[PDB]
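Asker: Got a structure for you, run_29.cif, holding mmCIF, C-alpha atoms and all ligand atoms.
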data_model
#
loop_
_atom_site.label_atom_id
_atom_site.label_comp_id
_atom_site.auth_asym_id
_atom_site.auth_seq_id
_atom_site.Cartn_x
_atom_site.Cartn_y
_atom_site.Cartn_z
CA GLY A 58 79.09 -43.92 11.92
CA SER A 59 77.70 -46.91 13.89
CA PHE A 60 76.51 -46.74 17.53
CA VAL A 61 75.07 -50.25 18.04
CA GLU A 62 75.05 -49.83 21.86
CA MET A 63 72.44 -46.98 21.50
CA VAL A 64 70.43 -48.17 18.49
CA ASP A 65 66.90 -49.30 19.54
CA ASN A 66 67.23 -47.83 23.09
CA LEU A 67 63.80 -46.06 23.02
CA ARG A 68 60.29 -47.34 23.77
CA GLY A 69 56.88 -45.65 23.68
CA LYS A 70 54.67 -43.91 21.10
CA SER A 71 53.61 -40.42 19.94
CA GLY A 72 50.62 -39.92 22.28
CA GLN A 73 52.28 -41.13 25.54
CA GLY A 74 55.92 -40.17 24.78
CA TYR A 75 59.21 -41.92 23.87
CA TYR A 76 61.50 -42.82 26.76
CA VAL A 77 65.02 -44.10 27.46
CA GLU A 78 66.26 -46.08 30.45
CA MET A 79 68.48 -44.12 32.89
CA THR A 80 69.94 -44.76 36.31
CA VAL A 81 70.18 -42.24 39.14
CA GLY A 82 72.03 -42.47 42.46
CA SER A 83 74.36 -44.89 44.27
CA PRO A 84 73.55 -47.80 44.12
CA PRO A 85 71.88 -47.07 40.73
CA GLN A 86 68.09 -46.66 40.68
CA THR A 87 66.68 -47.55 37.26
CA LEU A 88 63.96 -45.22 35.84
CA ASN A 89 62.37 -44.78 32.41
CA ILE A 90 62.71 -41.17 31.27
CA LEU A 91 60.77 -39.38 28.51
CA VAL A 92 63.03 -37.69 25.93
CA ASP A 93 61.95 -34.04 25.70
CA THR A 94 63.60 -31.69 23.20
CA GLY A 95 61.01 -29.01 24.22
CA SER A 96 62.26 -28.39 27.81
CA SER A 97 65.54 -28.22 29.73
CA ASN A 98 65.10 -29.83 33.18
CA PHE A 99 65.92 -33.40 34.20
CA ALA A 100 62.87 -33.99 36.45
CA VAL A 101 61.90 -37.31 38.01
CA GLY A 102 59.01 -38.61 40.17
CA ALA A 103 60.38 -38.66 43.73
CA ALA A 104 57.23 -39.49 45.74
CA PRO A 105 54.31 -41.95 45.35
CA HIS A 106 51.83 -41.18 42.55
CA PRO A 107 48.92 -43.41 41.32
CA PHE A 108 50.52 -43.69 37.83
CA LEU A 109 54.06 -44.55 39.04
CA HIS A 110 55.23 -48.04 40.06
CA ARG A 111 58.70 -46.65 40.97
CA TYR A 112 60.32 -43.33 41.80
CA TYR A 113 63.62 -41.75 42.81
CA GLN A 114 64.36 -42.40 46.53
CA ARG A 115 66.91 -39.74 47.49
CA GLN A 116 67.37 -41.21 51.01
CA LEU A 117 68.67 -44.46 49.38
CA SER A 118 71.39 -42.69 47.34
CA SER A 119 74.80 -42.13 49.01
CA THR A 120 75.71 -39.61 46.24
CA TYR A 121 72.55 -37.49 46.55
CA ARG A 122 73.28 -33.78 47.22
CA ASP A 123 70.45 -31.48 48.34
CA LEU A 124 70.54 -28.00 46.73
CA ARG A 125 67.94 -26.77 49.35
CA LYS A 126 65.89 -25.05 46.63
CA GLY A 127 62.37 -25.66 45.30
CA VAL A 128 61.25 -25.42 41.66
CA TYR A 129 57.69 -24.68 40.36
CA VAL A 130 57.04 -25.42 36.67
CA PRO A 131 53.60 -24.54 35.24
CA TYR A 132 52.90 -25.28 31.56
CA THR A 133 49.73 -25.13 29.39
CA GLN A 134 47.97 -28.37 30.39
CA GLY A 135 49.41 -28.71 33.95
CA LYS A 136 52.36 -28.39 36.32
CA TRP A 137 55.14 -30.10 38.21
CA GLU A 138 56.82 -28.99 41.43
CA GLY A 139 59.85 -30.34 43.21
CA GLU A 140 63.12 -30.12 45.08
CA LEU A 141 66.46 -29.49 43.40
CA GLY A 142 69.56 -31.60 43.99
CA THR A 143 72.38 -33.37 42.16
CA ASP A 144 73.31 -37.06 41.82
CA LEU A 145 75.28 -39.44 39.60
CA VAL A 146 73.40 -40.30 36.40
CA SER A 147 74.06 -42.91 33.66
CA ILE A 148 72.29 -44.12 30.51
CA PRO A 149 72.68 -47.97 30.37
CA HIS A 150 72.11 -48.08 26.58
CA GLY A 151 74.13 -44.93 26.08
CA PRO A 152 77.68 -43.60 26.26
CA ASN A 153 79.68 -45.55 28.84
CA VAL A 154 79.99 -42.57 31.24
CA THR A 155 78.52 -41.42 34.57
CA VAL A 156 77.94 -37.75 35.19
CA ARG A 157 77.08 -35.54 38.12
CA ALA A 158 73.82 -33.84 37.05
CA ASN A 159 71.07 -31.63 38.41
CA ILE A 160 67.87 -33.53 39.22
CA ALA A 161 64.51 -32.03 40.13
CA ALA A 162 62.82 -34.49 42.50
CA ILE A 163 59.10 -34.14 41.67
CA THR A 164 56.99 -34.02 44.86
CA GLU A 165 53.69 -32.65 43.42
CA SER A 166 52.22 -32.58 39.90
CA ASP A 167 48.98 -32.02 37.95
CA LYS A 168 48.47 -33.53 34.46
CA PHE A 169 52.17 -34.44 34.17
CA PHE A 170 52.45 -38.24 34.56
CA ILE A 171 50.48 -40.32 32.03
CA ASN A 172 48.65 -43.49 33.12
CA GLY A 173 50.26 -46.53 31.39
CA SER A 174 53.12 -44.55 29.76
CA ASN A 175 55.83 -46.60 31.58
CA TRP A 176 57.97 -43.44 32.23
CA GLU A 177 58.77 -41.84 35.61
CA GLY A 178 60.54 -38.61 34.65
CA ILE A 179 61.56 -36.36 31.74
CA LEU A 180 64.91 -35.45 30.20
CA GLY A 181 64.82 -31.86 29.01
CA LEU A 182 67.33 -31.72 26.16
CA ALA A 183 66.97 -28.06 25.15
CA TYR A 184 69.16 -25.11 26.33
CA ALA A 185 69.74 -23.42 29.71
CA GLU A 186 67.75 -20.31 28.73
CA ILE A 187 64.47 -22.19 29.34
CA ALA A 188 65.64 -24.25 32.38
CA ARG A 189 63.63 -23.64 35.59
CA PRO A 190 63.84 -21.83 37.94
CA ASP A 191 66.44 -20.03 35.77
CA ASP A 192 69.39 -20.46 33.36
CA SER A 193 71.90 -21.11 36.18
CA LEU A 194 70.50 -24.70 36.54
CA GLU A 195 72.76 -26.53 34.12
CA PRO A 196 70.76 -28.92 31.84
CA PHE A 197 71.77 -32.62 31.70
CA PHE A 198 73.28 -32.54 28.20
CA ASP A 199 75.49 -29.51 29.09
CA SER A 200 76.76 -31.48 32.17
CA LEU A 201 77.36 -34.56 30.04
CA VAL A 202 79.45 -32.62 27.48
CA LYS A 203 81.42 -30.63 30.11
CA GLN A 204 82.31 -33.68 32.20
CA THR A 205 83.12 -36.27 29.46
CA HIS A 206 84.54 -36.45 25.91
CA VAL A 207 81.02 -37.01 24.47
CA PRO A 208 80.60 -34.84 21.28
CA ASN A 209 78.07 -31.96 21.63
CA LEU A 210 75.37 -33.59 19.45
CA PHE A 211 72.58 -36.13 19.76
CA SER A 212 70.17 -37.61 17.24
CA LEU A 213 66.66 -39.05 17.50
CA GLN A 214 64.86 -41.70 15.50
CA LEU A 215 61.26 -41.92 16.86
CA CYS A 216 59.50 -44.95 15.37
CA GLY A 217 55.72 -44.86 15.00
CA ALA A 218 54.36 -48.43 14.51
CA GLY A 219 51.69 -47.34 12.00
CA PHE A 220 49.04 -49.22 13.99
CA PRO A 221 47.90 -49.32 17.66
CA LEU A 222 50.11 -51.14 20.16
CA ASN A 223 48.34 -52.61 23.18
CA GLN A 224 49.82 -52.45 26.76
CA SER A 225 51.93 -55.62 26.32
CA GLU A 226 53.04 -54.77 22.75
CA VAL A 227 54.20 -51.22 23.57
CA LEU A 228 56.35 -52.68 26.41
CA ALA A 229 57.90 -55.30 24.10
CA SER A 230 58.36 -53.10 21.00
CA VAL A 231 61.33 -50.99 19.91
CA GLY A 232 60.21 -47.34 19.79
CA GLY A 233 63.36 -45.89 18.22
CA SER A 234 66.87 -44.65 19.03
CA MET A 235 68.53 -41.83 20.82
CA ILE A 236 72.18 -41.65 19.66
CA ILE A 237 74.18 -39.63 22.20
CA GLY A 238 77.29 -37.99 20.71
CA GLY A 239 76.81 -39.07 17.14
CA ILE A 240 74.93 -39.98 13.94
CA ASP A 241 74.14 -43.60 13.12
CA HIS A 242 73.94 -44.10 9.33
CA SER A 243 71.69 -47.23 9.63
CA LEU A 244 68.77 -45.05 10.91
CA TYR A 245 68.17 -43.05 7.73
CA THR A 246 68.17 -43.22 3.92
CA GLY A 247 69.29 -40.54 1.47
CA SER A 248 71.03 -37.35 2.54
CA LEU A 249 70.93 -35.29 5.71
CA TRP A 250 69.89 -31.65 5.16
CA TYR A 251 70.58 -29.03 7.82
CA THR A 252 68.64 -25.99 8.97
CA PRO A 253 70.22 -23.42 11.38
CA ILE A 254 69.20 -23.34 15.04
CA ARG A 255 67.94 -19.71 15.02
CA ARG A 256 68.52 -19.19 18.75
CA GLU A 257 69.62 -21.56 21.52
CA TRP A 258 66.64 -21.76 23.93
CA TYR A 259 64.12 -24.16 22.44
CA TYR A 260 65.44 -25.88 19.27
CA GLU A 261 64.10 -22.97 17.20
CA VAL A 262 64.00 -23.15 13.37
CA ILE A 263 62.62 -21.08 10.48
CA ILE A 264 59.98 -22.43 8.01
CA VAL A 265 60.12 -20.51 4.71
CA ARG A 266 57.31 -22.17 2.63
CA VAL A 267 54.47 -24.65 3.20
CA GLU A 268 52.84 -26.87 0.54
CA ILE A 269 49.81 -29.20 0.63
CA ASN A 270 50.23 -31.73 -2.25
CA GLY A 271 52.62 -29.28 -3.95
CA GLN A 272 50.10 -26.39 -3.66
CA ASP A 273 51.68 -23.37 -1.97
CA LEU A 274 49.72 -22.30 1.17
CA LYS A 275 50.84 -18.79 -0.02
CA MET A 276 50.92 -17.06 3.37
CA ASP A 277 53.48 -14.39 4.40
CA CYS A 278 56.26 -16.73 5.72
CA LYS A 279 56.35 -14.79 9.04
CA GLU A 280 52.96 -16.38 9.79
CA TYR A 281 54.55 -19.85 9.78
CA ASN A 282 56.96 -18.86 12.58
CA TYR A 283 54.64 -16.67 14.65
CA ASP A 284 55.87 -16.40 17.43
CA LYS A 285 58.45 -19.20 16.96
CA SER A 286 58.83 -22.62 15.31
CA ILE A 287 60.42 -25.42 17.42
CA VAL A 288 61.28 -29.13 17.16
CA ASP A 289 59.70 -30.87 20.19
CA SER A 290 59.72 -34.63 20.96
CA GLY A 291 57.57 -33.84 24.08
CA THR A 292 54.55 -32.68 21.98
CA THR A 293 52.49 -35.28 20.09
CA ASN A 294 51.05 -33.21 17.20
CA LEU A 295 52.22 -30.94 14.44
CA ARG A 296 50.88 -27.69 16.02
CA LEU A 297 50.44 -24.66 13.79
CA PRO A 298 49.70 -20.98 14.54
CA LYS A 299 45.95 -20.23 14.39
CA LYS A 300 45.93 -18.59 10.93
CA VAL A 301 48.25 -21.24 9.41
CA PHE A 302 46.15 -24.03 10.99
CA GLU A 303 42.98 -22.55 9.45
CA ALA A 304 44.56 -22.26 5.97
CA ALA A 305 46.20 -25.73 6.16
CA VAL A 306 42.97 -27.47 7.29
CA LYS A 307 41.02 -25.77 4.49
CA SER A 308 43.61 -27.05 1.97
CA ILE A 309 43.78 -30.60 3.50
CA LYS A 310 39.93 -30.75 3.46
CA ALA A 311 39.91 -29.65 -0.22
CA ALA A 312 42.52 -32.29 -1.21
CA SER A 313 40.63 -35.08 0.66
CA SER A 314 37.13 -33.82 -0.40
CA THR A 315 36.14 -37.18 -1.96
CA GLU A 316 35.31 -38.19 1.66
CA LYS A 317 33.61 -35.96 4.23
CA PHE A 318 34.82 -36.02 7.83
CA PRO A 319 32.99 -34.58 10.87
CA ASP A 320 34.15 -31.29 12.43
CA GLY A 321 35.30 -33.20 15.56
CA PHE A 322 37.81 -35.16 13.43
CA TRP A 323 39.42 -31.93 12.13
CA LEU A 324 39.51 -30.59 15.73
CA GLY A 325 41.62 -33.66 16.69
CA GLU A 326 38.96 -34.87 19.16
CA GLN A 327 37.14 -37.65 17.28
CA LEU A 328 38.55 -40.75 15.68
CA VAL A 329 37.75 -41.79 12.07
CA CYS A 330 37.60 -45.56 11.30
CA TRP A 331 37.82 -47.68 8.16
CA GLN A 332 37.31 -51.43 7.58
CA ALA A 333 40.61 -53.26 8.28
CA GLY A 334 43.28 -52.43 5.67
CA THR A 335 41.11 -50.00 3.67
CA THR A 336 42.41 -46.65 4.99
CA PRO A 337 42.28 -44.39 1.89
CA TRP A 338 45.79 -42.93 2.31
CA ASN A 339 45.83 -41.75 -1.34
CA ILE A 340 42.96 -39.27 -0.80
CA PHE A 341 44.98 -37.41 1.86
CA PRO A 342 47.68 -35.00 0.75
CA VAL A 343 51.37 -34.92 1.52
CA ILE A 344 52.55 -31.86 3.51
CA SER A 345 55.89 -30.17 2.75
CA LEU A 346 57.63 -27.81 5.13
CA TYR A 347 60.52 -25.85 3.62
CA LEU A 348 63.24 -24.94 6.08
CA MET A 349 66.01 -22.32 5.79
CA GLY A 350 69.23 -23.96 4.55
CA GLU A 351 72.83 -23.44 5.67
CA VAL A 352 73.69 -21.70 2.35
CA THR A 353 72.55 -18.10 1.63
CA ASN A 354 69.24 -18.05 -0.36
CA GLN A 355 68.95 -21.85 -0.21
CA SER A 356 66.18 -23.92 1.44
CA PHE A 357 65.27 -27.62 1.54
CA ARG A 358 61.97 -29.41 2.23
CA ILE A 359 60.73 -32.23 4.46
CA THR A 360 57.60 -34.00 3.21
CA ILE A 361 55.29 -36.01 5.44
CA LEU A 362 52.53 -38.40 4.56
CA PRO A 363 49.09 -38.91 6.11
CA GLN A 364 50.75 -42.05 7.69
CA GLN A 365 52.54 -39.46 9.90
CA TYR A 366 49.78 -36.89 10.55
CA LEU A 367 46.96 -39.48 11.11
CA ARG A 368 47.76 -41.04 14.52
CA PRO A 369 46.66 -44.70 14.96
CA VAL A 370 44.27 -45.27 17.88
CA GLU A 371 42.28 -48.35 18.99
CA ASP A 372 38.48 -48.06 18.40
CA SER A 376 36.57 -53.79 16.54
CA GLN A 377 38.91 -54.86 13.70
CA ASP A 378 38.69 -51.40 12.08
CA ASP A 379 41.80 -49.24 11.46
CA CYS A 380 41.16 -45.94 13.34
CA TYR A 381 43.03 -42.64 13.59
CA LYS A 382 43.00 -39.19 15.11
CA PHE A 383 43.99 -36.09 13.12
CA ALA A 384 47.38 -35.09 14.65
CA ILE A 385 47.55 -31.49 13.39
CA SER A 386 46.23 -28.89 15.81
CA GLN A 387 46.09 -25.18 16.50
CA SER A 388 48.63 -23.26 18.61
CA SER A 389 48.79 -19.69 20.10
CA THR A 390 52.56 -20.20 20.86
CA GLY A 391 54.00 -20.86 17.40
CA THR A 392 54.63 -23.93 15.27
CA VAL A 393 55.56 -27.14 17.11
CA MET A 394 57.09 -29.97 15.07
CA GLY A 395 55.98 -32.74 17.44
CA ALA A 396 56.47 -36.48 17.58
CA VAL A 397 54.14 -37.28 14.66
CA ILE A 398 56.44 -35.12 12.40
CA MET A 399 59.64 -36.50 13.99
CA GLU A 400 58.42 -40.06 13.28
CA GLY A 401 59.01 -39.43 9.55
CA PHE A 402 62.65 -38.44 10.01
CA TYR A 403 65.99 -39.08 11.61
CA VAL A 404 66.63 -35.77 13.38
CA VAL A 405 70.16 -34.60 14.27
CA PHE A 406 70.44 -32.02 17.06
CA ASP A 407 73.90 -30.71 16.11
CA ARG A 408 74.48 -28.34 19.03
CA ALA A 409 78.24 -28.04 18.21
CA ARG A 410 77.40 -26.54 14.78
CA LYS A 411 74.11 -24.79 15.85
CA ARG A 412 72.05 -26.73 13.29
CA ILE A 413 69.34 -29.40 13.02
CA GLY A 414 69.61 -32.17 10.43
CA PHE A 415 66.75 -34.08 8.79
CA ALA A 416 66.84 -37.27 6.74
CA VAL A 417 64.14 -39.79 5.78
CA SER A 418 63.80 -42.27 8.68
CA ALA A 419 64.56 -45.94 8.02
CA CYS A 420 61.45 -46.61 10.26
CA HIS A 421 58.89 -44.16 8.80
CA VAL A 422 55.46 -45.62 7.92
CA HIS A 423 54.54 -45.35 4.23
CA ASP A 424 52.70 -47.20 1.44
CA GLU A 425 53.74 -48.67 -1.94
CA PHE A 426 53.07 -45.40 -3.76
CA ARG A 427 54.47 -42.58 -1.60
CA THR A 428 57.29 -42.10 0.89
CA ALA A 429 58.37 -39.28 3.21
CA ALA A 430 61.15 -37.14 1.66
CA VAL A 431 63.96 -34.69 2.48
CA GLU A 432 64.98 -32.83 -0.71
CA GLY A 433 66.87 -29.82 -1.89
CA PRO A 434 68.19 -27.34 -2.65
CA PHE A 435 65.60 -24.69 -3.62
CA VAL A 436 66.32 -21.05 -4.32
CA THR A 437 64.52 -19.02 -1.59
CA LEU A 438 65.04 -15.28 -1.02
CA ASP A 439 64.69 -13.06 2.13
CA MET A 440 64.47 -16.07 4.47
CA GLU A 441 65.62 -14.02 7.53
CA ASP A 442 62.33 -12.04 7.10
CA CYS A 443 60.43 -15.30 7.85
CA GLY A 444 61.60 -15.12 11.46
CA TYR A 445 59.38 -13.34 13.97
CA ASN A 446 60.76 -10.61 16.32
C1 LIG B 1 55.01 -29.15 25.40
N1 LIG B 1 55.83 -29.51 26.55
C2 LIG B 1 57.04 -30.14 26.50
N2 LIG B 1 57.64 -30.48 25.40
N3 LIG B 1 57.48 -30.34 27.78
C3 LIG B 1 56.52 -29.82 28.75
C4 LIG B 1 57.17 -28.69 29.56
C5 LIG B 1 57.64 -27.49 28.73
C6 LIG B 1 58.53 -26.50 29.49
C7 LIG B 1 59.08 -25.49 28.50
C8 LIG B 1 60.03 -24.47 29.15
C9 LIG B 1 59.37 -23.78 30.32
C10 LIG B 1 58.74 -24.77 31.30
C11 LIG B 1 57.81 -25.78 30.62
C12 LIG B 1 56.00 -30.89 29.71
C13 LIG B 1 55.37 -32.14 29.08
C14 LIG B 1 56.45 -33.19 28.78
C15 LIG B 1 55.82 -34.41 28.12
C16 LIG B 1 54.72 -35.02 28.98
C17 LIG B 1 53.66 -33.99 29.37
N4 LIG B 1 52.68 -34.60 30.24
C18 LIG B 1 51.33 -34.48 29.95
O1 LIG B 1 50.90 -33.75 29.06
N5 LIG B 1 50.56 -35.26 30.78
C19 LIG B 1 49.15 -35.27 30.87
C20 LIG B 1 48.58 -36.14 31.78
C21 LIG B 1 47.20 -36.20 31.92
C22 LIG B 1 46.39 -35.38 31.16
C23 LIG B 1 46.95 -34.51 30.25
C24 LIG B 1 48.32 -34.46 30.10
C25 LIG B 1 54.28 -32.72 29.98
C26 LIG B 1 55.43 -29.28 27.85
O2 LIG B 1 54.42 -28.70 28.23
#
Could you render the structure from this file as structure tokens?
Ligand SMILES: CN1C(=N)N[C@](CCC2CCCCC2)(C[C@H]2CCC[C@@H](NC(=O)Nc3ccccc3)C2)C1=O
Answerer:
Amino acid sequence: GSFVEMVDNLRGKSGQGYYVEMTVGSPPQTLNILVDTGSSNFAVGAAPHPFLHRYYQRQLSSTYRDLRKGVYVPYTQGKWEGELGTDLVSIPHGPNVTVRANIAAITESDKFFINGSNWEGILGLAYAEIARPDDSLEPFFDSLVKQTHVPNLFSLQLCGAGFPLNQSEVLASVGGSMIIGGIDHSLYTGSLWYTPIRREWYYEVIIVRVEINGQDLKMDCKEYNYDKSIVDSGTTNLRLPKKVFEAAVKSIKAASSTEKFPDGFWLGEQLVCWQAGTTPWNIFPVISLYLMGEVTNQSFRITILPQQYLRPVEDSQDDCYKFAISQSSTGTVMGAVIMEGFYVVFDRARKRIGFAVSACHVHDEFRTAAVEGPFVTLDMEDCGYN
């Protein structure tokens, strides 16, 4: 329905992350927390760090409980380490509840915190299977559902501005909404289409067909989900398996061939700039990802524009962008630049993910993002990797 208390409760952007305000401890300590559908730990800065102007002070919380256990979490680009405990947690622009939740107090980290991001911790919203050190550490959302009457569902509207936001603007701007326990109909247009959650660990899905401007990429659909496909608000780019990335870039280059871009642009390293207002959106193709539907032999598609996969960056008065599609060796990742096109419903209760066109997606007068269906698609279970 309508969840006015939670609409517009996010801030941030695709490259630095989207965050929500939370409070931890008694009396409450306010912290900004990155929303991460690609992990399952609630982990907060708990010691001084050059990029933090505040952190969780366990000694100041009367409700802090020490679990006397450490946690070490390496990931591709870095790591975070800390001390496990529990405390009372609330979301000011959220459901009006307070829960007793696990908290990893981060004491050491490498390439975790981001300078100028304005967030001090992360909220891992995925399932217990991928919680660290193991699946016995109950994730926040599981605690929330068990302890309150909050429905087992949340939805995310990540709003890309379509242009660079400076330090002051990104602090003053609305970055989107996280609706806890429901679906807010003001955040999307058209219909919601659902794809099954294949397995409850990451938010894993199955892609059954890929098009570039309606042209079928024509790969064996297992390639699109090798070794998994996930929906992850904690990754910036649309990341594709090596072979899929190579075929997609070849097709995107062919569609946009009226202009030549350097190799560094396609590698997502170098920006491309145009005179103010002259970005040639129309030369770049739309990208359609077909997802397995809830009905046997039925699929639907989500279509994104270059306004989603070209990420605005400051250079001058030129309009500059980075290519936000990159290679992966760990499967497809539908990151923030993809999520910015859609209102995404994480329907844990019904083991499904919903997509609808976002009321805040960036587009032009000629094209819009789309969510359409149904399409007849056979042997979709074969698209999943084992
Ligand atoms: C993809 N991804 C993700 N969605 N969450 C994590 C952890 C995954 C988790 C999966 C289950 C097993 C354990 C690991 C963490 C990520 C969160 C967003 C901010 C990032 N911070 C930076 O990247 N910071 C940074 C800072 C300076 C330089 C470079 C990067 C760090 C990750 O790698």
Asker: When you look at residue A:63 with a cut-off of 8 Å (counting all atoms listed in the file), what residues show up, excluding the ones that are within fewer than 3 positions of it in the same chain? I need them as a list in words.
Answerer: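 Answer for this query is residues 60, 66, 150, 151, 152, 234, 235, 236 and 237 of chain A.
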Asker: To one decimal place, how far is atom CA of residue A:202 from atom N4 of ligand LIG 1 (chain B) in Å?
Answerer: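 A separation of 27.0 Å between them.
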Asker: Counting all atoms listed in the file, what is within 10 Å of residue A:156, bar same-chain residues fewer than 5 positions away, as a PDB file with C-alpha atoms, in the frame of the given file?
Answerer:
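Produced file around16.pdb, reproduced below:
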ATOM      1  CA  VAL A  81      70.180 -42.240  39.140  1.00  0.00           C
ATOM      2  CA  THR A 143      72.380 -33.370  42.160  1.00  0.00           C
ATOM      3  CA  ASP A 144      73.310 -37.060  41.820  1.00  0.00           C
ATOM      4  CA  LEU A 145      75.280 -39.440  39.600  1.00  0.00           C
ATOM      5  CA  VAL A 146      73.400 -40.300  36.400  1.00  0.00           C
ATOM      6  CA  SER A 147      74.060 -42.910  33.660  1.00  0.00           C
ATOM      7  CA  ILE A 148      72.290 -44.120  30.510  1.00  0.00           C
ATOM      8  CA  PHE A 197      71.770 -32.620  31.700  1.00  0.00           C
ATOM      9  CA  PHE A 198      73.280 -32.540  28.200  1.00  0.00           C
ATOM     10  CA  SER A 200      76.760 -31.480  32.170  1.00  0.00           C
ATOM     11  CA  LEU A 201      77.360 -34.560  30.040  1.00  0.00           C
ATOM     12  CA  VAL A 202      79.450 -32.620  27.480  1.00  0.00           C
ATOM     13  CA  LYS A 203      81.420 -30.630  30.110  1.00  0.00           C
ATOM     14  CA  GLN A 204      82.310 -33.680  32.200  1.00  0.00           C
ATOM     15  CA  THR A 205      83.120 -36.270  29.460  1.00  0.00           C
TER      16      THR A 205
END
Asker: Counting only C-alpha atoms and all ligand atoms, what residues are within 10 Å of ligand LIG 1 (chain B), given as a PyMOL selection string?
Answerer: chain A and resi 72-75+91-98+108+129-137+166-172+174+176+178-191+258-259+287-294+393+395-396
Asker: Which residues, written as a ChimeraX atom specification, have at least one atom at most 10 Å from residue A:70, with all atoms listed in the file counted and residues fewer than 5 positions away on the same chain left out?
Answerer: /A:75-76,174,215-218,221-222,227,230-233,293,368,396-397,400
Asker: In Å, rounded to a single decimal, give me how far atom CA of residue A:268 is from atom CA of residue A:344.
Answerer: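 Atom CA of residue A:268 lies 5.8 Å from atom CA of residue A:344.
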Asker: Extract, using all atoms listed in the file, all DNA, RNA and protein residues at most 9 Å from stretch 330-332 of chain A, discarding same-chain residues fewer than 2 positions from it, and format them as a list in words.
Answerer: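 The residues satisfying every condition are residues 328, 334, 335, 336, 337, 372, 377, 378, 379, 380 and 381 of chain A.
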